[PDB]
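run_6.txt (compact mmCIF, N, CA and C atoms) appears below.
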# COMPACT_ATOMS: atom_id res chain seq x y z
N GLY A 745 -31.26 -48.50 -14.07
CA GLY A 745 -32.64 -48.45 -13.61
C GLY A 745 -32.78 -49.13 -12.25
N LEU A 746 -32.08 -50.24 -12.07
CA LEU A 746 -32.15 -50.90 -10.79
C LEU A 746 -31.39 -50.08 -9.76
N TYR A 747 -30.22 -49.61 -10.16
CA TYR A 747 -29.29 -48.87 -9.34
C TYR A 747 -29.93 -47.63 -8.73
N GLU A 748 -30.63 -46.82 -9.54
CA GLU A 748 -31.26 -45.62 -8.98
C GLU A 748 -32.29 -45.96 -7.89
N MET A 749 -32.84 -47.18 -7.88
CA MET A 749 -33.78 -47.61 -6.85
C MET A 749 -33.05 -48.36 -5.73
N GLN A 750 -31.93 -49.01 -6.05
CA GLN A 750 -31.17 -49.71 -5.02
C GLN A 750 -30.73 -48.67 -4.00
N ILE A 751 -30.38 -47.50 -4.51
CA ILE A 751 -30.03 -46.34 -3.72
C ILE A 751 -31.35 -45.77 -3.20
N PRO A 752 -31.57 -45.67 -1.87
CA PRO A 752 -32.84 -45.20 -1.31
C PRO A 752 -33.82 -44.64 -2.33
N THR A 753 -34.87 -45.44 -2.51
CA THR A 753 -35.89 -45.28 -3.52
C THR A 753 -36.71 -44.04 -3.41
N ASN A 754 -37.50 -43.86 -4.46
CA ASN A 754 -38.46 -42.79 -4.62
C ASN A 754 -37.83 -41.41 -4.78
N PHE A 755 -36.49 -41.39 -4.90
CA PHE A 755 -35.67 -40.19 -5.01
C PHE A 755 -35.83 -39.32 -3.78
N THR A 756 -35.81 -39.97 -2.62
CA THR A 756 -35.94 -39.28 -1.34
C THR A 756 -34.97 -38.11 -1.20
N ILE A 757 -35.45 -37.02 -0.60
CA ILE A 757 -34.66 -35.81 -0.39
C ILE A 757 -34.25 -35.57 1.06
N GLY A 758 -32.95 -35.34 1.26
CA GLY A 758 -32.35 -35.10 2.57
C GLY A 758 -31.66 -33.74 2.60
N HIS A 759 -30.80 -33.51 3.59
CA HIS A 759 -30.16 -32.20 3.68
C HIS A 759 -28.83 -32.17 4.43
N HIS A 760 -28.09 -31.08 4.19
CA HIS A 760 -26.82 -30.75 4.82
C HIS A 760 -26.79 -29.28 5.26
N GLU A 761 -25.88 -28.94 6.17
CA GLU A 761 -25.73 -27.54 6.54
C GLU A 761 -24.28 -27.12 6.44
N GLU A 762 -24.07 -25.87 6.08
CA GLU A 762 -22.73 -25.30 5.93
C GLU A 762 -22.65 -23.88 6.51
N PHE A 763 -21.43 -23.44 6.86
CA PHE A 763 -21.23 -22.07 7.34
C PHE A 763 -19.93 -21.45 6.86
N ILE A 764 -20.00 -20.21 6.39
CA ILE A 764 -18.84 -19.45 5.93
C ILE A 764 -18.73 -18.12 6.68
N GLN A 765 -17.57 -17.82 7.25
CA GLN A 765 -17.45 -16.61 8.06
C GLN A 765 -17.62 -15.26 7.33
N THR A 766 -16.81 -14.96 6.34
CA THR A 766 -16.93 -13.73 5.52
C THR A 766 -16.56 -12.41 6.21
N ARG A 767 -16.55 -12.36 7.53
CA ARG A 767 -16.29 -11.09 8.21
C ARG A 767 -15.79 -11.21 9.65
N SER A 768 -15.36 -10.08 10.19
CA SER A 768 -14.81 -10.00 11.53
C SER A 768 -15.17 -8.63 12.07
N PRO A 769 -14.99 -8.35 13.36
CA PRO A 769 -15.33 -7.08 13.93
C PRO A 769 -14.45 -5.97 13.43
N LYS A 770 -15.03 -4.80 13.32
CA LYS A 770 -14.34 -3.62 12.87
C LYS A 770 -13.51 -3.01 13.97
N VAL A 771 -12.42 -3.65 14.29
CA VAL A 771 -11.60 -3.18 15.38
C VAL A 771 -10.85 -1.94 15.00
N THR A 772 -10.86 -0.96 15.89
CA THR A 772 -10.13 0.27 15.66
C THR A 772 -9.41 0.63 16.93
N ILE A 773 -8.23 1.23 16.79
CA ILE A 773 -7.45 1.56 17.96
C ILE A 773 -6.96 2.99 18.04
N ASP A 774 -7.28 3.65 19.13
CA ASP A 774 -6.78 4.99 19.31
C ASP A 774 -5.38 4.86 19.82
N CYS A 775 -4.45 4.91 18.89
CA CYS A 775 -3.05 4.71 19.19
C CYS A 775 -2.61 5.54 20.36
N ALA A 776 -2.89 6.83 20.32
CA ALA A 776 -2.42 7.66 21.40
C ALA A 776 -3.03 7.25 22.71
N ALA A 777 -4.34 6.97 22.74
CA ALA A 777 -5.02 6.57 23.98
C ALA A 777 -4.46 5.28 24.54
N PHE A 778 -4.09 4.38 23.64
CA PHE A 778 -3.55 3.10 24.03
C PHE A 778 -2.24 3.30 24.74
N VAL A 779 -1.36 4.08 24.13
CA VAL A 779 -0.06 4.25 24.72
C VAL A 779 -0.11 5.10 25.99
N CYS A 780 -0.82 6.23 25.92
CA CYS A 780 -0.96 7.16 27.03
C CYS A 780 -2.44 7.39 27.30
N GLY A 781 -2.84 7.50 28.55
CA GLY A 781 -4.26 7.78 28.82
C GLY A 781 -4.52 9.27 28.97
N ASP A 782 -4.87 9.69 30.18
CA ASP A 782 -5.15 11.10 30.45
C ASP A 782 -3.86 11.79 30.91
N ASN A 783 -2.80 11.02 30.96
CA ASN A 783 -1.55 11.50 31.45
C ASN A 783 -0.86 12.41 30.45
N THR A 784 -1.07 13.69 30.65
CA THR A 784 -0.50 14.71 29.79
C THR A 784 1.01 14.58 29.65
N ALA A 785 1.71 14.30 30.75
CA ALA A 785 3.16 14.19 30.70
C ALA A 785 3.59 13.12 29.69
N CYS A 786 2.79 12.08 29.53
CA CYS A 786 3.08 11.00 28.61
C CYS A 786 2.83 11.47 27.20
N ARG A 787 1.67 12.09 26.99
CA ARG A 787 1.31 12.57 25.66
C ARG A 787 2.33 13.55 25.11
N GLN A 788 2.94 14.33 25.99
CA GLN A 788 3.94 15.30 25.59
C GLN A 788 5.26 14.66 25.16
N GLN A 789 5.42 13.35 25.38
CA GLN A 789 6.63 12.68 24.94
C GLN A 789 6.23 11.95 23.68
N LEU A 790 5.04 11.36 23.73
CA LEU A 790 4.50 10.56 22.65
C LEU A 790 4.47 11.29 21.35
N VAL A 791 4.25 12.59 21.38
CA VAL A 791 4.22 13.37 20.15
C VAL A 791 5.45 13.14 19.24
N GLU A 792 6.61 12.81 19.80
CA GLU A 792 7.81 12.59 19.00
C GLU A 792 7.71 11.33 18.15
N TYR A 793 6.84 10.43 18.56
CA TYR A 793 6.59 9.14 17.95
C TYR A 793 5.31 9.18 17.15
N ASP B 989 -11.00 19.66 -16.91
CA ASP B 989 -10.81 20.98 -16.34
C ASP B 989 -12.01 21.39 -15.49
N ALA B 990 -12.83 20.40 -15.10
CA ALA B 990 -14.03 20.66 -14.32
C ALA B 990 -14.18 19.69 -13.15
N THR B 991 -13.19 19.69 -12.26
CA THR B 991 -13.17 18.79 -11.11
C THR B 991 -13.50 17.33 -11.44
N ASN B 992 -12.71 16.75 -12.34
CA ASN B 992 -12.86 15.37 -12.76
C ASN B 992 -12.63 14.39 -11.61
N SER B 993 -13.54 13.44 -11.43
CA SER B 993 -13.42 12.48 -10.34
C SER B 993 -12.18 11.61 -10.47
N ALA B 994 -11.86 11.17 -11.69
CA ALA B 994 -10.68 10.34 -11.84
C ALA B 994 -9.45 11.14 -11.47
N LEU B 995 -9.40 12.42 -11.88
CA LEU B 995 -8.21 13.19 -11.54
C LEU B 995 -8.09 13.34 -10.04
N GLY B 996 -9.23 13.48 -9.37
CA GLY B 996 -9.25 13.57 -7.92
C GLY B 996 -8.57 12.34 -7.34
N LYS B 997 -9.02 11.16 -7.77
CA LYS B 997 -8.45 9.93 -7.25
C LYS B 997 -6.98 9.79 -7.61
N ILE B 998 -6.61 10.19 -8.82
CA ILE B 998 -5.22 10.07 -9.22
C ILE B 998 -4.32 10.91 -8.36
N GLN B 999 -4.70 12.16 -8.14
CA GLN B 999 -3.87 13.01 -7.31
C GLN B 999 -3.86 12.49 -5.88
N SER B 1000 -4.99 11.96 -5.42
CA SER B 1000 -5.05 11.45 -4.06
C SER B 1000 -4.07 10.29 -3.89
N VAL B 1001 -3.98 9.41 -4.89
CA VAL B 1001 -3.03 8.30 -4.83
C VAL B 1001 -1.61 8.80 -4.79
N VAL B 1002 -1.30 9.77 -5.63
CA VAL B 1002 0.05 10.29 -5.64
C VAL B 1002 0.40 10.88 -4.30
N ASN B 1003 -0.51 11.67 -3.76
CA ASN B 1003 -0.27 12.32 -2.49
C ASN B 1003 -0.11 11.30 -1.39
N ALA B 1004 -0.93 10.26 -1.39
CA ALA B 1004 -0.85 9.27 -0.33
C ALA B 1004 0.51 8.60 -0.31
N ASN B 1005 1.04 8.32 -1.48
CA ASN B 1005 2.32 7.66 -1.51
C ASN B 1005 3.42 8.60 -1.06
N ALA B 1006 3.30 9.87 -1.41
CA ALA B 1006 4.28 10.83 -0.97
C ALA B 1006 4.28 10.93 0.54
N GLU B 1007 3.09 10.92 1.13
CA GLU B 1007 2.99 11.02 2.57
C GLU B 1007 3.65 9.84 3.23
N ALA B 1008 3.47 8.65 2.68
CA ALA B 1008 4.07 7.48 3.29
C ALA B 1008 5.57 7.62 3.35
N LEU B 1009 6.16 8.12 2.27
CA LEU B 1009 7.59 8.23 2.26
C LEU B 1009 8.06 9.35 3.15
N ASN B 1010 7.30 10.44 3.22
CA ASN B 1010 7.72 11.52 4.08
C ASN B 1010 7.62 11.11 5.53
N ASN B 1011 6.68 10.25 5.87
CA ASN B 1011 6.60 9.82 7.24
C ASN B 1011 7.85 9.04 7.58
N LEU B 1012 8.29 8.19 6.65
CA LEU B 1012 9.47 7.42 6.92
C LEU B 1012 10.67 8.32 7.04
N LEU B 1013 10.77 9.31 6.18
CA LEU B 1013 11.90 10.21 6.27
C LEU B 1013 11.90 10.96 7.60
N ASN B 1014 10.73 11.45 8.01
CA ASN B 1014 10.59 12.22 9.24
C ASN B 1014 10.97 11.39 10.44
N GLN B 1015 10.83 10.09 10.31
CA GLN B 1015 11.17 9.16 11.36
C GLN B 1015 12.59 9.35 11.83
N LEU B 1016 13.48 9.74 10.94
CA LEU B 1016 14.87 9.86 11.30
C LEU B 1016 15.09 10.89 12.39
N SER B 1017 14.20 11.88 12.48
CA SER B 1017 14.33 12.94 13.45
C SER B 1017 13.82 12.54 14.83
N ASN B 1018 13.26 11.34 14.95
CA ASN B 1018 12.67 10.90 16.22
C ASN B 1018 13.56 11.02 17.42
N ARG B 1019 14.86 10.85 17.27
CA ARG B 1019 15.72 10.96 18.44
C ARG B 1019 15.34 9.98 19.52
N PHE B 1020 15.43 8.69 19.22
CA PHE B 1020 15.04 7.67 20.19
C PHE B 1020 16.01 7.65 21.36
N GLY B 1021 17.21 8.18 21.11
CA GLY B 1021 18.31 8.22 22.06
C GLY B 1021 18.16 9.37 23.03
N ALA B 1022 19.14 9.53 23.91
CA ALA B 1022 19.10 10.58 24.91
C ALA B 1022 19.78 11.87 24.48
N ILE B 1023 20.53 11.82 23.39
CA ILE B 1023 21.27 13.00 22.99
C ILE B 1023 20.71 13.67 21.76
N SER B 1024 20.77 12.99 20.63
CA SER B 1024 20.37 13.59 19.38
C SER B 1024 20.05 12.58 18.33
N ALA B 1025 19.19 12.96 17.40
CA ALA B 1025 18.90 12.13 16.24
C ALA B 1025 20.09 12.08 15.29
N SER B 1026 21.01 13.03 15.43
CA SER B 1026 22.18 13.10 14.59
C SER B 1026 23.31 12.26 15.14
N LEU B 1027 23.71 11.26 14.39
CA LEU B 1027 24.75 10.36 14.85
C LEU B 1027 26.03 11.12 15.11
N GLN B 1028 26.26 12.15 14.32
CA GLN B 1028 27.46 12.95 14.44
C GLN B 1028 27.47 13.71 15.76
N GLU B 1029 26.31 14.14 16.24
CA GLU B 1029 26.31 14.89 17.49
C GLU B 1029 26.58 13.94 18.62
N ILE B 1030 26.09 12.73 18.51
CA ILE B 1030 26.35 11.80 19.57
C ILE B 1030 27.83 11.48 19.61
N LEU B 1031 28.34 11.11 18.46
CA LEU B 1031 29.71 10.68 18.29
C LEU B 1031 30.74 11.72 18.70
N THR B 1032 30.46 13.00 18.45
CA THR B 1032 31.42 14.03 18.78
C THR B 1032 31.19 14.70 20.13
N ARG B 1033 30.24 14.21 20.91
CA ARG B 1033 29.99 14.76 22.24
C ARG B 1033 30.28 13.75 23.32
N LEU B 1034 29.88 12.52 23.11
CA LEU B 1034 30.03 11.49 24.12
C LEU B 1034 31.35 10.74 24.06
N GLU B 1035 31.69 10.10 25.18
CA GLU B 1035 32.87 9.25 25.26
C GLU B 1035 32.61 8.11 24.30
N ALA B 1036 33.64 7.47 23.77
CA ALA B 1036 33.39 6.39 22.81
C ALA B 1036 32.44 5.31 23.33
Take the structure I supplied and represent it as structure tokens, if you would.
Amino acid sequence: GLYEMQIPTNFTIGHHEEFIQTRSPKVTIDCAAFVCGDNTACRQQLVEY
Amino acid sequence: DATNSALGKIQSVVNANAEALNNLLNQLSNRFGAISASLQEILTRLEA
């Protein structure tokens, strides 16, 4: 009984904050575009891969 | 016998796995070298 009042009385209420990520950007990659751009000569080799 | 959804998924799983292995197999034909994907063609055409 004393203890609950020795600890900041009247049952005072305070607060905390927290953060959880849960996600990331939906990254997508056009493999062919990455390796070769508009360069047809490149795309014509890339097809083997 | 009436386009069952589970059967759809089951066949899709089987097919997906088959594709993965076929892609790996097809990889052998890539011919990363200058002569041939066939080791035998390289070996019997080029100098040691």
Return the neighbours of chain A among the residues of chain B, cut-off 9 Å, counting only C-alpha atoms, as a VMD selection string.
-> chain B and resid 1015 1017 to 1020
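Between CA of residue 786 in chain A and CA of residue 774 in chain A there is a distance of 14.8 Å.
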Length of the atom N of residue 1003 in chain B to CA of residue 1016 in chain B vector [Å] = 21.6 Å
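Atom pair CA of residue 1031 in chain B / atom C of residue 789 in chain A has a distance of 24.1 Å (rounded to one decimal).
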Using the chain letters and numbers from this document, which residues of chain B does DSSP assign to alpha helix (DSSP H), as a PyMOL selection string?
-> chain B and resi 993-1015+1027-1031
